[PDB]
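Engineer: So that we are looking at the same thing, I have put the structure below in structure tokens.
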Amino acid sequence: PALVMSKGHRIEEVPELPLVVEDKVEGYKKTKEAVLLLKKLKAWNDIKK
Amino acid sequence: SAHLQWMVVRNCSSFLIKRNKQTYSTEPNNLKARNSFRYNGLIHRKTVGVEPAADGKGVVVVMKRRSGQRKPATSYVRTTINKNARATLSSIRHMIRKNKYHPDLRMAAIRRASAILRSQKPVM
Amino acid sequence: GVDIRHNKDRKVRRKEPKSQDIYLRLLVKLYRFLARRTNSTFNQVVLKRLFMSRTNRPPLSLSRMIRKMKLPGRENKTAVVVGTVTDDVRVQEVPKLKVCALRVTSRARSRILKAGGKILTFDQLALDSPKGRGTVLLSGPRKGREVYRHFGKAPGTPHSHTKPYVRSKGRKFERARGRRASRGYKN
Amino acid sequence: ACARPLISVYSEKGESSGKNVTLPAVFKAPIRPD
Amino acid sequence: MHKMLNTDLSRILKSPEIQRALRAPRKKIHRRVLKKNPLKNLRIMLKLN
Amino acid sequence: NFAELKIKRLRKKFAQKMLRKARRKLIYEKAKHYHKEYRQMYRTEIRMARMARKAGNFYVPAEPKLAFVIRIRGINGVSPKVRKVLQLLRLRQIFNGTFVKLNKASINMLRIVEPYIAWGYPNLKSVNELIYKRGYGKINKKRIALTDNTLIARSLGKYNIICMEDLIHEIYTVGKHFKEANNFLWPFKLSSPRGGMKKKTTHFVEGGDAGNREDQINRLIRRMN
Amino acid sequence: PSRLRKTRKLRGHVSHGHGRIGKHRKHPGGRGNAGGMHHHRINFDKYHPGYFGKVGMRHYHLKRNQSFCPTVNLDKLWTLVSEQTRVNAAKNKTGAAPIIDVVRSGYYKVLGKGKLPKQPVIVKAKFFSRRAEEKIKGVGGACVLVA
Amino acid sequence: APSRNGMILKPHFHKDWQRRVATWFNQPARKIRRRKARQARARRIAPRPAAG
RNA sequence: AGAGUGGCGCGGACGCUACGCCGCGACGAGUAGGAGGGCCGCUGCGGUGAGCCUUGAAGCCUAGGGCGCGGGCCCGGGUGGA
RNA sequence: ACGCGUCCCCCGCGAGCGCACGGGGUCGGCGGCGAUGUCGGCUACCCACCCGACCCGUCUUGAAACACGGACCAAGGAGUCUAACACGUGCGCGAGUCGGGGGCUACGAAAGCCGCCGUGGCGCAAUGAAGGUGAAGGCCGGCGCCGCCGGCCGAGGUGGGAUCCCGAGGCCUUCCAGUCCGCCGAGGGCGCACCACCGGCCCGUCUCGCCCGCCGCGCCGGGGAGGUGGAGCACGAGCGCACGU
RNA sequence: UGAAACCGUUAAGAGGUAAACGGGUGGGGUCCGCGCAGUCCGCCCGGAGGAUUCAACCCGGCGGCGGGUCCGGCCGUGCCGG
């Protein structure tokens with residue numbers, strides 16, 4: 001993870017890891033669902049950059 | 001290792017600033033702010049940092065937990081020290097020395113937790 | 001003024017390995033240390049080899065390495081190769097050796113390890129025996145590359161046996177006026 | 001160390017479930033920036 | 001498939017085998033000489049003979 | 001632990017000192033014994049000539065062993081035999097000099113360069129001032145100075161030339177390790193002559209400077225060192 | 001790249017690495033292979049002996065598939081099977097021998113090079129050179145021919 | 001002018017080749033046609049094989 | 001600077017971009033021509049700088065002040081207007 | 001030359017203070033002059049004087065030349081793409097390697113995929129104009145010589161060759177044995193690459209001699225000793241990509 | 001936007017060996033220092049005070065570690081069974 005910071009990214013608050021998710025993200029057609037979703041996992045700050 | 005990814009970062013990171021024959025580093029927990037192998041603030045398995053506290057009053061300190069080096073929202077651990085200038089520095093010397101927590105930094109974190117207070121104190 | 005020349009006195013050895021790859025440059029760091037602070041020689045020869053260029057460090061084969069340890073005596077002993085360890089088809093029976101090379105090619109892993117003999121790399125010969133004790137230092141042949149069969153005395157002169165650069169061999173391509181006793185001369 | 005940990009799987013709300021995957025070995029192969 | 005197995009050479013340098021097979025250090029510096037002419041200078045001249 | 005080991009650590013220090021005080025007296029008793037030679041050899045050349053002149057005889061004094069040589073012409077435009085012979089004597093630049101032992105192979109080298117040099121038979125004063133003031137070494141492929149007696153004892157040693165006193169005997173009397181104790185030295189570093197030259201181009205005998213001088217080379221040294 | 005080459009270190013120097021005296025001028029020797037028996041003689045005859053002249057008979061409409069002869073040595077004649085015809089054949093009592101067909105792995109004539117791994121072998125081959133016969137028979141094996 | 005050791009060799013650029021040069025910049029959406037008009041073929045011939 | 005069996009006061013500068021620092025010697029002309037290094041310039045494309053700009057961008061001008069042997073570059077002032 | 005306990009020709013840890021020609025300099029020494037007229041400022045603008053200094057490019061043994069181009073300023077203005085070759089250097093895979101044509105399914109005309117898409121290329125085999133030929137041997141038995149019968153080891157020397165391996169003897173703190181763990185070592189061992197010399201095996205050719213093999217018994221096929229021609233063997237380094245000359 | 005060549009006019013400066021240039025100093029200008037009573041940083045001692053405050057003891061939360069011999073679970077370029 002000390003590499004991913006040095007590509008600028010905004011990860012200081014990201015729960016973990018290489019991040020994984022339940023298979024219920026494959027079928028989202030709405031951006032208002034996918035934005036709310038990006039704020040849950042704590043990485044909105046990278047979009048905001 | 002640490003010793004690996006240095007070879008990768010050394011001369012390339014988004015935290016590297018060169019010019020005028022000088023060379024610096026703007027990484028969270030580098031205390032001396034220089035691109036180096038003592039002093040980088042992410043690489044290793046244990047970390048010390050000295051940041052200027054929330055509002056004006058005090059100083060805040062940053063250890064890195066030995067465990068979960070892959071779990072960054074619960075990796076660092078924080079405490080605030082808002083006491084007298086000689087006595088505040090009792091704590092910081094009692095963190096590095098008596099934990100055996102990375103005994104190189106000792107004399108960096110005494111000169112950074114004494115030019116964060118010589119600030120918030122009122123000016124000449 | 002002083003009568004000297006400054007003619008050859010910059011020496012042309014190689015101080016450090018041109019390649020970039022990191023895992024070879026942590027490799028060197030180890031042995032830089034290990035050369036200077038010991039009283040054993042091996043180390044110094046190995047560090048000097050960790051610099052060289054592909055052609056000055058050519059693939060040693062299994063059946064040469066096999067053949068170089070069945071001489072009288074030398075046993076309880078390993079085989080270091082600062083290039084590689086490649087297969088050989090015309091050889092069947094495989095003992096239980098010990099190897100320590102940089103790339104072990106992906107069939108000579110399935111041969112020596114299946115005979116009951118381990119293979120190392122250059123940071124498992126750094127703790128196992130720091131100075132150097134219980135080793136035989138092998139290399140492959142540095143006169144394999146064809147190139148050496150265009151060199152020497154130039155192919156158009158008495159007593160010489162070089163291959164010249166010819167567009168293709170056939171029955172007419174460089175076949176007449178200096179190869180035959182009948183067509184002017186042969187050499 | 002090829003040594004592999006255990007990888008937790010988050011729900012689309014953020015809190016973790018109780019399901020894990022063993023690490024795909026690709027993630028242990030060498031970094032080679034050249 | 002890896003060239004070297006442990007890249008960690010902060011820690012390989014300080015495990016039981018490598019620090020029982022190397023000679024001791026020489027951390028002293030020896031700065032250059034100013035040749036006090038012993039035909040002139042006394043104790044310089046009492047050191048030679 | 002320690003209280004034992006610290007007292008054993010106060011027995012090895014007094015040993016390495018006692019290695020000096022048994023060696024410190026020997027530097028004195030080597031020097032006071034060569035002083036006996038330099039009155040017993042000096043007055044035994046005035047002994048024979050009186051006691052010949054007594055009985056209407058003659059006494060020819062001892063023909064030389066040793067000779068200092070100084071390079072006086074420059075470095076431009078030079079014939080290819082002479083560049084080779086001046087190299088072999090280590091005179092590679094102007095106003096530089098060397099010790100040289102004598103024989104037939106050593107003189108006939110010094111007739112081929114005999115308009116690029118000045119040489120002569122040096123004395124007990126023109127051997128020591130040179131070796132005291134100027135004299136450097138050649139240790140680790142470097143010209144490092146001699147302000148000590150663990151450089152000459154440390155390189156040579158095995159030949160029994162330890163202090164600054166034995167470099168006077170072995171050269172001023174050409175003894176039985178001379179070669180090594182003279183390829184020991186880097187060649188000397190004289191500045192120019194203060195007074196001057198008579199006429200650099202020509203042979204002493206005509207007027208100037210070049211070629212051998214048997215007993216007035218002592219004049220171009222105390223002017224040059 | 002056009003930056004790491006020689007021609008940047010020469011913006012500033014006059015003659016650009018082709019001469020003060022005798023310049024870069026168009027074609028000094030004659031174009032292409034000139035002077036073959038004149039003024040570029042020596043060279044030709046000192047790194048290409050035998051360029052100049054005839055030899056042998058000329059075959060006209062040469063069809064090269066008729067001349068088609070692949071090749072397989074002894075040392076590595078066991079290189080046409082799996083690793084299963086040899087380990088079970090070495091285990092036998094009554095003394096059997098597997099059938100290596102060489103026409104099946106693109107090999108026509110069988111050549112006589114190195115050793116042999118000594119255990120019974122029947123050998124189909126379109127052409128037997130005289131050492132491929134005597135090496136396989138002394139160990140113990142047939143030599144069947146094919147067309 | 002041959003320098004020294006170095007293979008002799010015969011080029012056929014003595015004609016005006018440049019006036020007849022062929023390039024394949026087409027190469028990618030010439031494939032993507034065939035495959036299309038390929039894809040037309042067998043919708044025209046329904047249950048008959050496209051293998052013909 | 002070896003390891004054994006018997007006869008009051010919790011304190012001690014700097015370092016090590018290891019592609020860095022440090023350490024002791026000898027030498028340093030160059031035209032044709034070779035070779036390295038350039039935190040010397042000029043225009044475009046992927047990355048990066050939570051870069052900068054109508055509270056004044058680029059270009060120009062400047063008996064204003066600074067930087068490197070050098071190629072060149074940093075800051076004061078006035079114009080200019082994206 | 002300066003306690004004493006024994007060996008002799010020859011009659012192994014004392015105590016502190018102090019000064020210095022001693023492994024590159026410091027005063028635990030001083031004094032003036034300070035607000036609208038003076039302090040400082042090497043650098044960049046004008047003047048003055050002493051020493052030095054002929055105009056640049058250029059061909060040329062020789063240019064300040066009575067050799068040629070140059071009145072001044074802007075803006076342009078000259079070793080380049082692609083097709084061969086070769087040697088060096090980086091990188092992947094390694095007796096192999098490579099899909100480059102063909103296929104399958106906004107950035108993308110990209111990008112992942114075929115394997116019973118490796119046909120094919122270069123490489124693992126030479127040599128002869130050809131028909132063609134086509135790459136070790138030893139050492140003991142069944143009958144001092146053939147023709148055949150079994151069993152064992154095997155890619156052969158000598159000389160020089162980076163390192164390893166065996167270790168006579170020693171590596172001190174009162175002495176007298178006893179060890180483990182390391183390092184120092186007289187001389188003596190296996191010899192990796194690179195060579196120098198000696199033997200051998202495959203094609204071509206030359207001279208001498210005797211026996212083999214046979215569905216077709218020959219103007220038929222095969223073996224043996226010594227010279228000689230080669231771009232040959234002799235436990236393999238090639239192939240694809242990129243950079244430089 | 002408005003460069004250089006080349007003009008015209010104001011200030012200064014200078015001027016008989018065509019001018020211009022290199023080394024070295026002196027004189028005068030221009031600006032600029034924001035110059036004109038002169039440096040901070042610890043520990044120590046004396047003499048004037050502020051602020052509810054220090055050691056120690058119990059009360060919760062967190063790390064650094066090994067409990068040379070507490071209990072499980074999870075990996076493996078580790079094997080031996082079925």
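Chains: A, B, ... in order of the structure tokens. Residues: from 1 per chain. Ligands: from 1, in order shown.
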List every residue of chain J that has an atom at most 9 Å from any atom of chain E, giving for each one its closest atom pair and the distance in Å to one decimal, counting only C-alpha atoms (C1' of nucleotides), sorted by chain and then by ascending residue number, as CSV.

Structural biologist:
residue,atom,partner,partner_atom,distance
J:21,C1',E:42,CA,5.1
J:22,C1',E:43,CA,6.1
J:23,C1',E:33,CA,8.0
J:24,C1',E:34,CA,6.8
J:182,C1',E:20,CA,9.0

Engineer: Please produce a file of the residues just selected, as a PDB file, in the first residue's frame, where the atoms kept are N, CA and C atoms (P, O5', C5', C4', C3', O3' and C1' of nucleotides).

Structural biologist:
ATOM      1  P     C J  21      59.332  24.154  24.937  1.00  0.00           P
ATOM      2  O5'   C J  21      58.794  24.558  23.491  1.00  0.00           O
ATOM      3  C5'   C J  21      57.809  23.757  22.805  1.00  0.00           C
ATOM      4  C4'   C J  21      57.830  23.982  21.307  1.00  0.00           C
ATOM      5  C3'   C J  21      57.756  22.715  20.469  1.00  0.00           C
ATOM      6  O3'   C J  21      56.974  23.000  19.332  1.00  0.00           O
ATOM      7  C1'   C J  21      59.814  23.833  20.035  1.00  0.00           C
ATOM      8  P     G J  22      56.151  21.862  18.604  1.00  0.00           P
ATOM      9  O5'   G J  22      56.550  20.502  19.342  1.00  0.00           O
ATOM     10  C5'   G J  22      56.820  19.293  18.579  1.00  0.00           C
ATOM     11  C4'   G J  22      55.970  18.083  18.959  1.00  0.00           C
ATOM     12  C3'   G J  22      54.477  18.108  18.634  1.00  0.00           C
ATOM     13  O3'   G J  22      54.211  17.391  17.435  1.00  0.00           O
ATOM     14  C1'   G J  22      54.823  17.485  20.904  1.00  0.00           C
ATOM     15  P     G J  23      53.029  17.833  16.475  1.00  0.00           P
ATOM     16  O5'   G J  23      51.778  17.007  16.995  1.00  0.00           O
ATOM     17  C5'   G J  23      50.484  17.311  16.435  1.00  0.00           C
ATOM     18  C4'   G J  23      50.156  16.391  15.274  1.00  0.00           C
ATOM     19  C3'   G J  23      48.702  16.358  14.811  1.00  0.00           C
ATOM     20  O3'   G J  23      48.473  17.357  13.815  1.00  0.00           O
ATOM     21  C1'   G J  23      49.415  14.168  15.284  1.00  0.00           C
ATOM     22  P     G J  24      47.727  18.742  14.198  1.00  0.00           P
ATOM     23  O5'   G J  24      48.299  19.795  13.135  1.00  0.00           O
ATOM     24  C5'   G J  24      48.746  21.123  13.533  1.00  0.00           C
ATOM     25  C4'   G J  24      48.503  22.151  12.445  1.00  0.00           C
ATOM     26  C3'   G J  24      47.351  23.132  12.672  1.00  0.00           C
ATOM     27  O3'   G J  24      47.786  24.469  12.907  1.00  0.00           O
ATOM     28  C1'   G J  24      47.509  22.400  10.398  1.00  0.00           C
ATOM     29  P     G J 182      31.964 -23.681  14.303  1.00  0.00           P
ATOM     30  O5'   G J 182      33.259 -22.753  14.392  1.00  0.00           O
ATOM     31  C5'   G J 182      33.548 -21.740  13.405  1.00  0.00           C
ATOM     32  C4'   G J 182      34.455 -20.677  13.984  1.00  0.00           C
ATOM     33  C3'   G J 182      35.716 -20.368  13.192  1.00  0.00           C
ATOM     34  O3'   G J 182      35.444 -19.495  12.091  1.00  0.00           O
ATOM     35  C1'   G J 182      36.215 -20.491  15.517  1.00  0.00           C
TER      36        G J 182
END

Engineer: Please return, as number ranges by chain, all residues of region 48-140 of chain F that DSSP assigns to strand (DSSP E) on the basis of the backbone.

Structural biologist: F: 66-71, 97-101, 117-120

Engineer: Could the residues in this selection be saved with N, CA, C and O atoms as a JSON list (two decimals), in the first residue's frame?

Structural biologist:
[["chain", "number", "residue", "atom", "x", "y", "z"],
["F", 66, "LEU", "N", 79.37, 5.62, -3.81],
["F", 66, "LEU", "CA", 78.04, 6.24, -3.86],
["F", 66, "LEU", "C", 78.09, 7.60, -4.48],
["F", 66, "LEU", "O", 79.05, 8.32, -4.25],
["F", 67, "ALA", "N", 77.04, 7.98, -5.20],
["F", 67, "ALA", "CA", 77.00, 9.25, -5.92],
["F", 67, "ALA", "C", 75.58, 9.80, -6.18],
["F", 67, "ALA", "O", 74.75, 9.10, -6.74],
["F", 68, "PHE", "N", 75.34, 11.06, -5.79],
["F", 68, "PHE", "CA", 74.08, 11.78, -6.04],
["F", 68, "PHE", "C", 74.08, 12.40, -7.45],
["F", 68, "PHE", "O", 75.14, 12.82, -7.91],
["F", 69, "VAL", "N", 72.92, 12.45, -8.13],
["F", 69, "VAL", "CA", 72.80, 12.88, -9.54],
["F", 69, "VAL", "C", 71.62, 13.81, -9.72],
["F", 69, "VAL", "O", 70.55, 13.45, -9.31],
["F", 70, "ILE", "N", 71.76, 14.95, -10.37],
["F", 70, "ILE", "CA", 70.64, 15.89, -10.50],
["F", 70, "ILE", "C", 70.39, 16.28, -11.93],
["F", 70, "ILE", "O", 71.32, 16.65, -12.63],
["F", 71, "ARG", "N", 69.12, 16.26, -12.33],
["F", 71, "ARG", "CA", 68.73, 16.53, -13.72],
["F", 71, "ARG", "C", 68.54, 18.02, -13.98],
["F", 71, "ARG", "O", 67.67, 18.65, -13.38],
["F", 97, "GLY", "N", 66.68, 14.39, -8.28],
["F", 97, "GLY", "CA", 67.88, 13.64, -7.95],
["F", 97, "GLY", "C", 67.67, 12.34, -7.19],
["F", 97, "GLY", "O", 66.61, 12.11, -6.64],
["F", 98, "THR", "N", 68.71, 11.53, -7.13],
["F", 98, "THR", "CA", 68.64, 10.14, -6.71],
["F", 98, "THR", "C", 69.97, 9.65, -6.18],
["F", 98, "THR", "O", 71.01, 10.18, -6.57],
["F", 99, "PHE", "N", 69.93, 8.61, -5.34],
["F", 99, "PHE", "CA", 71.15, 7.86, -4.96],
["F", 99, "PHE", "C", 71.39, 6.73, -6.00],
["F", 99, "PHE", "O", 70.44, 6.17, -6.57],
["F", 100, "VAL", "N", 72.65, 6.40, -6.23],
["F", 100, "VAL", "CA", 73.09, 5.53, -7.31],
["F", 100, "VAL", "C", 74.40, 4.88, -6.94],
["F", 100, "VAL", "O", 75.36, 5.58, -6.71],
["F", 101, "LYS", "N", 74.44, 3.56, -6.85],
["F", 101, "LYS", "CA", 75.68, 2.88, -6.48],
["F", 101, "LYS", "C", 76.49, 2.63, -7.73],
["F", 101, "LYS", "O", 75.94, 2.60, -8.81],
["F", 117, "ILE", "N", 72.80, 16.05, -16.77],
["F", 117, "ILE", "CA", 72.90, 15.85, -15.34],
["F", 117, "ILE", "C", 74.09, 16.54, -14.70],
["F", 117, "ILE", "O", 74.89, 17.17, -15.38],
["F", 118, "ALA", "N", 74.14, 16.46, -13.37],
["F", 118, "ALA", "CA", 75.31, 16.79, -12.56],
["F", 118, "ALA", "C", 75.36, 15.80, -11.44],
["F", 118, "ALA", "O", 74.38, 15.65, -10.72],
["F", 119, "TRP", "N", 76.51, 15.18, -11.24],
["F", 119, "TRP", "CA", 76.66, 14.19, -10.19],
["F", 119, "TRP", "C", 77.99, 14.35, -9.48],
["F", 119, "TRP", "O", 78.85, 15.15, -9.89],
["F", 120, "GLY", "N", 78.13, 13.61, -8.39],
["F", 120, "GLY", "CA", 79.29, 13.74, -7.53],
["F", 120, "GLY", "C", 79.17, 12.88, -6.31],
["F", 120, "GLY", "O", 78.16, 12.20, -6.10]]

Engineer: If you measure from CA of residue 26 (chain D) to CA of residue 120 (chain C), what distance in Å do you get, rounded to one decimal?

Structural biologist: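 Interatomic distance, CA of residue 26 (chain D) to CA of residue 120 (chain C): 22.1 Å.
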
Engineer: Identify, on the basis of only C-alpha atoms (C1' of nucleotides), every residue whose closest approach to residue 147 (chain J) does not exceed 12 Å; exclude the query and any residue fewer than 3 positions from it along the same chain; express the result as a list in words.

Structural biologist: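 Here the answer would be residues 143, 211 and 212 of chain J.
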
Engineer: Could you write out the selected residues, including N, CA, C and O atoms (P, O5', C5', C4', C3', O3' and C1' of nucleotides), as a PDB file, in the first residue's frame?

Structural biologist:
ATOM      1  P     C J 143      36.811 -73.604 -26.579  1.00  0.00           P
ATOM      2  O5'   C J 143      36.481 -73.039 -28.036  1.00  0.00           O
ATOM      3  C5'   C J 143      36.442 -73.910 -29.192  1.00  0.00           C
ATOM      4  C4'   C J 143      36.988 -73.221 -30.425  1.00  0.00           C
ATOM      5  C3'   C J 143      38.454 -73.477 -30.737  1.00  0.00           C
ATOM      6  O3'   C J 143      38.638 -74.734 -31.381  1.00  0.00           O
ATOM      7  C1'   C J 143      37.908 -71.180 -31.098  1.00  0.00           C
ATOM      8  P     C J 211      43.017 -63.933 -48.979  1.00  0.00           P
ATOM      9  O5'   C J 211      41.572 -63.646 -48.371  1.00  0.00           O
ATOM     10  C5'   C J 211      41.063 -64.376 -47.233  1.00  0.00           C
ATOM     11  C4'   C J 211      40.294 -63.449 -46.321  1.00  0.00           C
ATOM     12  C3'   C J 211      38.781 -63.600 -46.338  1.00  0.00           C
ATOM     13  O3'   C J 211      38.456 -64.727 -45.520  1.00  0.00           O
ATOM     14  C1'   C J 211      39.405 -61.287 -46.340  1.00  0.00           C
ATOM     15  P     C J 212      36.948 -65.008 -45.022  1.00  0.00           P
ATOM     16  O5'   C J 212      36.040 -64.282 -46.110  1.00  0.00           O
ATOM     17  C5'   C J 212      34.612 -64.198 -45.938  1.00  0.00           C
ATOM     18  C4'   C J 212      34.242 -62.971 -45.134  1.00  0.00           C
ATOM     19  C3'   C J 212      32.774 -62.568 -45.205  1.00  0.00           C
ATOM     20  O3'   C J 212      32.100 -63.029 -44.038  1.00  0.00           O
ATOM     21  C1'   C J 212      34.138 -60.776 -45.966  1.00  0.00           C
TER      22        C J 212
END

Engineer: Can you list, as a PyMOL selection string, every residue of chain G that DSSP puts in alpha helix (DSSP H)?

Structural biologist: chain G and resi 41-47+130-139

Engineer: Keeping only C-alpha atoms, take the residues you just selected and write them out as an mmCIF file, in the first residue's frame.

Structural biologist:
data_model
loop_
_atom_site.group_PDB
_atom_site.id
_atom_site.type_symbol
_atom_site.label_atom_id
_atom_site.label_comp_id
_atom_site.auth_asym_id
_atom_site.auth_seq_id
_atom_site.Cartn_x
_atom_site.Cartn_y
_atom_site.Cartn_z
ATOM 1 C CA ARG G 41 40.664 -5.839 -55.863
ATOM 2 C CA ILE G 42 42.481 -6.554 -52.695
ATOM 3 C CA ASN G 43 39.516 -6.477 -50.365
ATOM 4 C CA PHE G 44 37.414 -8.701 -52.593
ATOM 5 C CA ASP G 45 40.147 -11.304 -52.659
ATOM 6 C CA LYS G 46 40.888 -11.196 -48.974
ATOM 7 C CA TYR G 47 37.461 -11.558 -47.464
ATOM 8 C CA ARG G 130 25.817 -47.422 -41.495
ATOM 9 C CA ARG G 131 26.426 -46.445 -37.808
ATOM 10 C CA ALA G 132 22.637 -46.420 -36.991
ATOM 11 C CA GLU G 133 22.657 -50.158 -37.934
ATOM 12 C CA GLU G 134 25.730 -51.334 -35.921
ATOM 13 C CA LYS G 135 25.012 -49.333 -32.710
ATOM 14 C CA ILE G 136 21.375 -50.588 -32.381
ATOM 15 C CA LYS G 137 22.306 -54.258 -33.286
ATOM 16 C CA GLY G 138 25.253 -54.563 -30.829
ATOM 17 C CA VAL G 139 22.983 -53.399 -27.987
#

Engineer: As an NGL selection string, please: the residues near residue 35 (chain H) (cut-off 10 Å, only C-alpha atoms (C1' of nucleotides), same-chain neighbours under 5 positions excluded).

Structural biologist: (:H and (29-30 or 40-41)) or (:J and (103-104))

Engineer: One decimal, in Å: what's the spacing between CA of residue 15 (chain E) and CA of residue 125 (chain C)?

Structural biologist: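 Going from CA of residue 15 (chain E) over to CA of residue 125 (chain C) covers 13.9 Å.
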
Engineer: Quick one: which chain D residues come within 8 Å of chain A, and what is the nearest atom pair for each with the distance in Å to one decimal, counting only C-alpha atoms, rows ordered by chain and ascending number, as JSON lines?

Structural biologist:
{"residue": "D:8", "atom": "CA", "partner": "A:20", "partner_atom": "CA", "distance": 7.4}
{"residue": "D:9", "atom": "CA", "partner": "A:20", "partner_atom": "CA", "distance": 5.4}
{"residue": "D:10", "atom": "CA", "partner": "A:21", "partner_atom": "CA", "distance": 5.0}
{"residue": "D:11", "atom": "CA", "partner": "A:22", "partner_atom": "CA", "distance": 5.4}
{"residue": "D:12", "atom": "CA", "partner": "A:37", "partner_atom": "CA", "distance": 6.5}
{"residue": "D:13", "atom": "CA", "partner": "A:40", "partner_atom": "CA", "distance": 6.1}
{"residue": "D:14", "atom": "CA", "partner": "A:40", "partner_atom": "CA", "distance": 5.2}

Engineer: Near region 126-143 of chain F, counting only C-alpha atoms (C1' of nucleotides), which residues have an atom at most 8 Å away, once you skip same-chain residues fewer than 6 positions from it, shown as an NGL selection string?

Structural biologist: (:E and (37-39)) or (:F and (155 or 168 or 172 or 184-186 or 188-189 or 218 or 221-222 or 225)) or (:I and (25))

Engineer: Got a sec: who's within 10 Å of residue 28 (chain K), counting only C-alpha atoms (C1' of nucleotides), leaving out chain neighbours fewer than 3 positions off, as an NGL selection string?

Structural biologist: (:J and (46-47)) or (:K and (13))

Engineer: How would the residues just picked look written out with C-alpha atoms (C1' of nucleotides) as a PDB file, in the first residue's frame?

Structural biologist:
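Result written to part.pdb:
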ATOM      1  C1'   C J  46      29.753  56.934 -17.901  1.00  0.00           C
ATOM      2  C1'   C J  47      34.912  59.068 -17.772  1.00  0.00           C
TER       3        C J  47
ATOM      4  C1'   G K  13      29.364  62.277 -19.315  1.00  0.00           C
TER       5        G K  13
END

Engineer: Under the rule of at most 9 Å, produce a per-residue listing of chain D near chain B: chain, number, name, the closest pair of atoms, and the distance in Å, as a Markdown table, using only C-alpha atoms.

Structural biologist:
| residue | atom | partner | partner_atom | distance |
| --- | --- | --- | --- | --- |
| D:31 | CA | B:8 | CA | 8.7 |
| D:32 | CA | B:8 | CA | 8.7 |
| D:33 | CA | B:8 | CA | 7.3 |

Engineer: Put those residues in a file: C-alpha atoms, as a tab-separated table (two decimals), in the first residue's frame.

Structural biologist:
chain	number	residue	atom	x	y	z
D	31	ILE	CA	7.41	-6.06	-8.97
D	32	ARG	CA	9.51	-5.21	-11.98
D	33	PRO	CA	9.29	-1.60	-13.01

Engineer: Grab the CA of residue 82 (chain B) to CA of residue 58 (chain B) distance for me, in Å with one decimal place.

Structural biologist: 4.4 Å

Engineer: With a distance threshold of 10 Å and counting only C-alpha atoms, extract the residues of chain G near chain H and express them as JSON, numbers by chain.

Structural biologist: {"G": [27, 28, 29, 30, 31, 32, 33, 34, 35, 40, 43, 44, 46, 47, 48, 51]}

Engineer: Neighbouring residues of residue 209 (chain F) were defined as those with any atom within 9 Å, considering only C-alpha atoms (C1' of nucleotides); residues of the same chain fewer than 5 positions away were excluded. Please report them as a PyMOL selection string.

Structural biologist: chain F and resi 72+117-118+197-204

Engineer: Convert the current residue selection to file output with N, CA and C atoms, as a compact mmCIF listing (two decimals), in the first residue's frame.

Structural biologist:
# COMPACT_ATOMS: atom_id res chain seq x y z
N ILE F 72 69.33 18.57 -14.89
CA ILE F 72 69.35 20.00 -15.08
C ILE F 72 68.80 20.48 -16.43
N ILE F 117 72.80 16.05 -16.77
CA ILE F 117 72.90 15.85 -15.34
C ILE F 117 74.09 16.54 -14.70
N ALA F 118 74.14 16.46 -13.37
CA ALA F 118 75.31 16.79 -12.56
C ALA F 118 75.36 15.80 -11.44
N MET F 197 73.46 29.00 -11.55
CA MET F 197 74.27 28.14 -12.41
C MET F 197 75.45 28.99 -12.97
N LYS F 198 76.50 28.34 -13.46
CA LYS F 198 77.64 29.05 -14.07
C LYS F 198 77.34 29.24 -15.55
N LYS F 199 76.99 28.14 -16.23
CA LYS F 199 76.44 28.12 -17.61
C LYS F 199 75.80 26.75 -17.97
N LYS F 200 74.46 26.65 -17.94
CA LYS F 200 73.82 25.34 -17.92
C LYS F 200 74.18 24.45 -19.09
N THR F 201 74.27 25.01 -20.28
CA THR F 201 74.50 24.20 -21.47
C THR F 201 75.75 23.28 -21.46
N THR F 202 76.85 23.79 -20.92
CA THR F 202 78.20 23.24 -21.15
C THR F 202 78.72 22.32 -20.04
N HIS F 203 79.87 21.65 -20.28
CA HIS F 203 80.51 20.77 -19.25
C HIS F 203 81.20 21.60 -18.19
N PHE F 204 81.09 21.20 -16.92
CA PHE F 204 81.88 21.82 -15.84
C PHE F 204 83.23 22.23 -16.39
